[PDB]
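Taking the form deposited in one PDB entry, here's one chain by itself in structure tokens.
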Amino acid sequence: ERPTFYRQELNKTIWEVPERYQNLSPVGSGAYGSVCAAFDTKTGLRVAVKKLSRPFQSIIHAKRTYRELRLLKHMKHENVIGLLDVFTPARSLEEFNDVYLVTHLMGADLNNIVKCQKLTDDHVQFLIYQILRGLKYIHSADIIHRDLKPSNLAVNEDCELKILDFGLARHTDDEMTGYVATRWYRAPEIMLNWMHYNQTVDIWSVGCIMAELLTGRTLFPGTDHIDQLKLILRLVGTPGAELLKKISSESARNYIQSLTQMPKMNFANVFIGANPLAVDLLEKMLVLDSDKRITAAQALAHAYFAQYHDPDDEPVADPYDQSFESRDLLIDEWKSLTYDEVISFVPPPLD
């Protein structure tokens, strides 16, 4: 039942993994955590294996670990990263200390691929279609990604795309500061914390990505939070009184009102030469009032995607119980929860 493990040291650390995984080779330069590429001899799949660092060192870290495992176990969709395997060399709860996770090896992300360059309209159609397809799935389970950007989108030779690296740990203030890609795709309401946010923040990110694929340029490359807000408001216009009401921070509401009023620009003269159907879709995504943005399910039926739309093949997710987020537990309790999820894991059918 229990497989045989073997040990080796790599650039760093003792890795201890089932024999099925061969040819471990350090990847990412540690940008993704401690990650090795490998070949899984049981599936024939090229895989990424992550060893979690100090998963249970604190309450906050124990919960993070549990959170990532729960989320990865839930997701089963062509356009979303899933879990191939999860293991520990530990034989009991008492000795449980390390957690390893296994997924498809991704090669190129959309960032380091389309760096500084425009795509053809049919490629924009197909890439945005798949993002919205994965997002309909994610949103139907009441999961919000929260951090969509080109670097979290993986694409292979045949233009096939998966969404990766969900928002699982809140960013520091410093990484959100200045002229940084980490902030350029973020909805204004969450960038300035105007109000309680919801899944519609992801649709704002999609519009920012779509614009960039059409022009080859960052849509809102702000030098800081406030510079970025000015770039946004110049395009979509300053808030009307209806939206101002919904901003529950008095200080933010007050700052917005200090600004000279501006009308929404003509998108056809911004995105010169673009498919009129693409322009129409951009206007429906890039709307300041989040209540009024188009949803993923609605966008999928938009005429821009007539080439790819298939209502019988755009599935939704099983319900996802997130009650644990409200829950306050000891380190050892989070750890015991995690062990149960490791132990109960069943791999996906190879078909």
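All residue numbers refer to positions in the sequence shown, first residue = 1.
Go through the other compared entries with residues on either side of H74 and state whether a third or more give it no coordinates.
In all of the other entries, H74 has coordinates.
In at least a third of the other compared PDB entries, does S205 have no coordinates?
Per the records, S205 is modelled in all the other entries.
Return whichever of 185 to 193 and 92 to 100 has the greater mean Cα B factor according to the PDB record.
Looking at the recorded C-alpha B-factors, 92 to 100 comes out higher on average.
So which stretch wins on mean C-alpha B-factor, 38 to 46 or 63 to 71?
Stretch with the greater average CA B-factor: 38 to 46.
Comparing recorded Cα B-factors across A317, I294, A301, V27, which one is largest?
The record points to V27.
Out of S248, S258, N275, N152, highest CA B-factor residue
Comparing C-alpha B-factors across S248, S258, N275, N152, the maximum falls on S248.
Using only modelled residues of the chain, where does the Cα B factor of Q199 rank: lowest third, middle third or highest third?
Middle third - that is where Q199 ends up once the chain's C-alpha B-factors are sorted.
What third of the chain does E212 rank in for C-alpha temperature factor, lowest, middle or highest?
Ranked within chain, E212 CA B lands in the lowest tercile.
Considering every modelled residue of the chain and its Cα B-factor in the PDB entry, is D227 in the lowest, middle or highest third?
Its C-alpha B-factor belongs to the lowest third of this chain's values.
Third of the chain's Cα B-factor distribution that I81 belongs to, per the entry:
Middle third of the chain for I81's C-alpha B-factor.
According to the PDB entry, is the CA B factor of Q322 in the bottom, middle or top third of its chain, that is, lowest, middle or highest?
Its C-alpha B-factor, which the entry lists for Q322, ranks in the middle third among residues of this chain.
Just so it is clear, the following notes concern the form deposited in another entry, a form of the same protein that is not shown.
State the hinge position among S251, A317, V279, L233 for the rotation of one rigid part relative to another between the shown form and the other one.
In this comparison, the hinge residue comes out as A317.
Closer or farther apart in the other entry, the C-alpha atoms of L288 and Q117, for a change of 3 Å or more?
Result: farther.
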